[PDB]
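Read the structure below first, then the notes.
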Amino acid sequence: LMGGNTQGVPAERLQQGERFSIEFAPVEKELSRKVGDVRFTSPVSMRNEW
Amino acid sequence: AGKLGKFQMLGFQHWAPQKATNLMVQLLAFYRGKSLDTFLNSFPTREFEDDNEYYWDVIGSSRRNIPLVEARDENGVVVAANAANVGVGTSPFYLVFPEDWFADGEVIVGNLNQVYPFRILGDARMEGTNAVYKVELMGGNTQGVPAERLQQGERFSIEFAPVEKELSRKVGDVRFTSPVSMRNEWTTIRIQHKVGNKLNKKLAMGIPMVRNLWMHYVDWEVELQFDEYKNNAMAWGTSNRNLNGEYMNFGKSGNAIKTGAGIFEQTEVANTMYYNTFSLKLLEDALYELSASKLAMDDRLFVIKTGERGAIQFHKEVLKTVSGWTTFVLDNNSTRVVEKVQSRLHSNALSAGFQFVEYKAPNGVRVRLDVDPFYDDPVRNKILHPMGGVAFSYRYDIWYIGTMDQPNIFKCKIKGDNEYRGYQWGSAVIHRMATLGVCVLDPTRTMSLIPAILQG
Amino acid sequence: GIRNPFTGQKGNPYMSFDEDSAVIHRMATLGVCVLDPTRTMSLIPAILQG
Amino acid sequence: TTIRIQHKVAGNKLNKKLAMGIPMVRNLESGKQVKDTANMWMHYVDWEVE
Amino acid sequence: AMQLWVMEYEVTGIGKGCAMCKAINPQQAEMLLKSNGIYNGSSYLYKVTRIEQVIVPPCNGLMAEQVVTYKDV
Amino acid sequence: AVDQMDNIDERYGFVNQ
Amino acid sequence: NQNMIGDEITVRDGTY
Amino acid sequence: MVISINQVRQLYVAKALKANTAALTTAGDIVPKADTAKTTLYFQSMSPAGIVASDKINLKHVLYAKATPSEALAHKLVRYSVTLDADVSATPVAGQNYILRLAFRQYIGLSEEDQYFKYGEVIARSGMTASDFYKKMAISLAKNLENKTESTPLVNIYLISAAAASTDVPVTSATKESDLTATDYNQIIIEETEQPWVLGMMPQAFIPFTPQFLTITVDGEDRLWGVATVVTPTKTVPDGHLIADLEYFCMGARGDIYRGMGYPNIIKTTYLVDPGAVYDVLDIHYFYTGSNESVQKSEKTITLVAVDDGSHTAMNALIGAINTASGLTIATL
Ligand SMILES: [Mg+2]
Ligand SMILES: [Mg+2]
């Protein structure tokens, strides 16, 4: 847990079905190393005929 | 009041003829990602020399009245709430204050001003940090001051220091104050991608629900999704420090990950309200008491920034308020909810519809409404509201309370070029790094009405 | 890595590692020569123990 | 005889200015600490590596 | 991703409802309603009263029906 | 190109080949 | 293999 | 914490009481010295860098000497008991919105003109009783007030069960009403909290408050729904954050006035007050008059602080050592 949290996340907030979303990837000011990644998307096709 | 599924987003791991069109098609049965850029560029920027923490001046106010610790009678016994009157017949008594703020021979008044004025009969005898004055009444008050008017927490102001016209001696003093100061920090962001123009392992496909059911430019996705790492750090960031100054999270190098708060955490330290039902009774009372104590009457314009469904909820709450104004008969002559449009179908052809966008409260409190599109983010905002939307559009944010002569909220920046780029050819990893920061000078000039279902 | 504090360079086309660092390596091969050591006399205190 | 030296700095020290509460000194070849007025930290690192 | 489940439920205090999920068991069909439905922030209000699997070979049949009347309010 | 309703365009990230 | 030429002295600490 | 002075004021921490000059060995020792004629009183003490004596008090030129206990200098936190107004309705009338405005008066600035307001709201239901009102009112108050990411805590919220009636039920923002199971709630206690404190830089200050109620339409009448009375205080802020500020100031009348300013180029003073311990204060206020025409008084005081454990052991032994040396009659607390 990251946001200064010293009491923990509730057990209600860690159940099946809860959606999770990427915000950002933070590092130090000193001696930093690589973090994070990049996401992509793919198209599907529709069809018609004569 | 119900949805129907029109799309489903699946990863690729869970899976030529002629073309009608060459360019791809974005269906309306697909959500699309929202920039935080127009919200962030709505704020100015201010550049700094380096990434050191910075501080500035906070200047306050001067006019104090002093709470009472206790009162004592002339023998030293303290005064109780159920006691008799104190100082009957201008007999002296004692008045214990936590500070030495008044001087010799000054008239001071309690909560009931000028009904019981107290004249200080000498300097303050110290008792620790407390200061005990011998006082007596100064209004021809024969029957004393009541014991309710001499209890703890009663505020005492200065009035004057009256003397005798013949052979007077010195009385009174003057008082001094000082300002304070506050800090802010920075934060560091980093991205990588192991790559050329082709996709990699984090792919996801979008399948629409209809009835009978290219090449990736990698340099445009590492710039867009790292611009959004800086947008999420700016607006939606959180600090990880103790009150001992200690950072709580350590990175891969053993050095602490230093993070600073964002827009939405710094402005949520004052004026923030979590409601379970929206009302103009809560809204016009929150905005009046802040404006009665901080704003002149002409300077009371409040631009509610909210989502799109926050605009239709504000519309129906003013309309419910207007429907209880049974004094006034609202007609179509002035409001024109039914106007005359030109149509081929009829000579006298009508139109219908309206929306309340402004509410004007007594004593000059004007409430306007505009819509930011970034509240309606389907990705970030995942708890849904039963009236439609994503429950974050129902969040009302009054930025810009008053005029400051300077920006209150801005984006911090380092002079020169604080964004870095690197390619690690083996493996071919593109590395980007950027340091940033957001500063809110006065968070008390920002009011938020968040739904209480987004809390805890 | 991503920036060089020594040469003041921000941005790296060819990276060494992923860490935020710069290490300078300096090297020199050197020697001395005394052709005739019988053209040179020494006289040392013996508490230096030779 | 072949010799070598090495020094490592973090990438945070690229343009690091020194708010001199006490003056920043250079070690001379003579052994004297001389007072210096340059405010960049890598001016003092490049002095001691050489 | 196996079967289809039509649910009749009752949001407590707010009204009655109808829903349809795709899940392997009816324990997941209630999970996909309470977590993805409209009452996402107050998912304790969902009171599911009937779940039945959508089997085909009738090919023409009612699966759920639930009227909110004037004397229920 | 970001739309007026803050919506990003996904077709800019592709190359036709 | 950043070999300082001289005659032949081979340096080995990572890629440069 | 800057204080006022009549003229200069000196403080001496009495951490141990000796009987000779020779017994002063540890930082915090003290001994009251005097004559056998009782015409001059001074306090020899052990500084963190050696023995130091105080000023010489002329025992004919004392004005007052009084000793203050620790509980006199402990701030009583203000409590407010919020109930439903029985004249309006003892039960919540259905469909009305119950909003409560807590009016803070000395929020961050130093005046009564810097004000702040926190709200709590409950829309009442058909079968909502009085206890279910106070439950949802305190859940809504603590959700607004005691969020974790506020700048400073403002007030504490406490339900009271009518069966218990003397034990505070703490309500925070993390508290759910699944945790609050008692069915007989009769009041909501709102109580102010202790602000942060840095020695010298941030004094001990408090933000006072009053609960105020918006009107509800009861029987066609806009009536304010509740009353808020001030019950007797049950908590005290201890003396330790007040005496360490009293020592930080009074160690510039003896020592350095430049505390920290050109930071590595400073003298650093060692302070002998533990800020997490209570103290008792003794103020010996005295003056000096010159020989013939220098008859103006130099009215000054010497403060002595002794740590005390319940019954005031170390101060009453300090006063008993002063009273037998000086010939004074300082009363023992
Ligand atoms: Mg605010
Ligand atoms: Mg030789």
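Protein chains in written order, with the entry's author numbering: chain A, 153 to 202; chain B, 2 to 16, 32 to 211, 213 to 230, 243 to 455, 475 to 504; chain C, 455 to 504; chain D, 203 to 252; chain E, 30 to 102; chain F, 273 to 289; chain G, 288 to 303; chain H, 1 to 333. All residues carry an ideal CB built from backbone N, CA and C; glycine is no exception.
- The beta carbon of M242/D sits no closer than 7 Å to any heavy atom of ligand 2.
- Remark: the shortest separation between the CB of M481/C and any heavy atom of ligand 2 does not fall under 7 Å.
- Closest in C-alpha terms to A314/H, from the list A103/H, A37/H and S70/H, comes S70/H.
- Cβ atoms of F293/B and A285/B stay farther apart than 8 Å, at about 23 Å.
- Closest option to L52/B, judged by alpha-carbon separation, among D401/B, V477/B, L413/B and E182/B: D401/B.
- Between the stretch 34–45 of chain B and the stretch 123–134 of chain B there are fewer than three C-beta pairs closer than 8 Å, too few to call the two in contact.
- By the CB criterion at 8 Å, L220/B and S173/A fall outside the cutoff.
- The closest CA to that of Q10/H, considering only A90/H, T129/H and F43/H, is found on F43/H.
- The beta carbons of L316/B and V394/B sit closer together than 8 Å.
- Sorted by chain position, residues whose beta-carbon lies closer than 5 Å to a non-hydrogen atom of ligand 1 are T296/B, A299/B, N300/B, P491/B and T494/B.
- For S496/C, the shortest C-beta to heavy atom distance toward ligand 2 is below 7 Å.
- By the C-beta criterion, the stretch 399–417 of chain B is judged to be in contact with the stretch 68–79 of chain E, since at least 3 inter-stretch pairs fall below 8 Å.
- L319/B is the residue among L319/B, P407/B and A420/B whose C-alpha sits nearest the C-alpha of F104/H.
- If you draw a straight line from the Cα of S197/A to the Cα of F286/F, it comes to about 16 Å.
- Taking a beta-carbon distance threshold of 8 Å, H479/B counts as an interface residue toward chain A.
- By the Cβ-count criterion, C50/E is buried, with 16 or more other Cβ atoms from all chains shown falling within 10 Å of its own Cβ.
- Excluding residues up to 5 positions away in sequence, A34, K38, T39, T40, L41, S326, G327 and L328 lie with their Cβ nearer than 8 Å to the Cβ of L59/H in the same chain.
- Just measuring C-alpha positions, the residue of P436/B, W354/B, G6/B and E63/B sitting nearest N65/E is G6/B.
- Residue burial annotation: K143/H is buried, with at least 16 other C-beta atoms found within 10 angstroms of its C-beta.
- The shortest C-alpha to C-alpha distance from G188/A to any of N269/B, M244/B, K210/B and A96/B is the one to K210/B.
- From the beta-carbon of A500/B, the residues of chain H found nearer than 7 Å are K143.
- Cβ atoms of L154/H and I207/H come within 8 Å of each other, at about 6 Å.
- Apart from sequence neighbours up to five positions away, the residues of its chain that approach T183/H with a beta-carbon distance below 6 Å are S131, ordered along the chain.
- Closer than 9 Å at the C-beta level to chain C, one finds these residues of the stretch 214–226 of chain D: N214, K215, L216, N217 and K218.
- In chain order, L183 make up the part of chain A whose C-beta sits under 8 Å from the C-beta of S475/C.
- At a cut-off of 8 Å between beta carbons, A212/D contacts chain A.
- For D406/B, same chain residues with a beta-carbon under 6 Å away, outside a window of 5 residues either side, are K50 in chain order.
- Secondary structure note for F43/H: its beta strand (DSSP E) is the uninterrupted segment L41 to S47.
- Across the set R185/B, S422/B, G76/B and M222/B, the C-alpha of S422/B shows the shortest separation from the C-alpha of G339/B.
- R228/B counts as exposed, since fewer than 16 other C-beta atoms from the protein chains shown sit within 10 angstroms of its C-beta.
- Minimum Cα-Cα distance from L74/E among the listed residues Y99/E, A30/E, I53/E and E59/E corresponds to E59/E.
- The C-alpha of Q204/H lies about 14 Å from the C-alpha of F249/H.
- In terms of CA proximity to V247/D, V477/C leads the group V477/C, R457/C and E473/C.
- Rounded to the nearest whole angstrom, the CA to CA distance from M495/C to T203/D is 25 Å.
- Ranked by Cα distance from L309/B, the first of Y388/B, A378/B and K334/B is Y388/B.
- A straight line joining the alpha-carbon of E180/B with that of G144/B spans about 33 Å.
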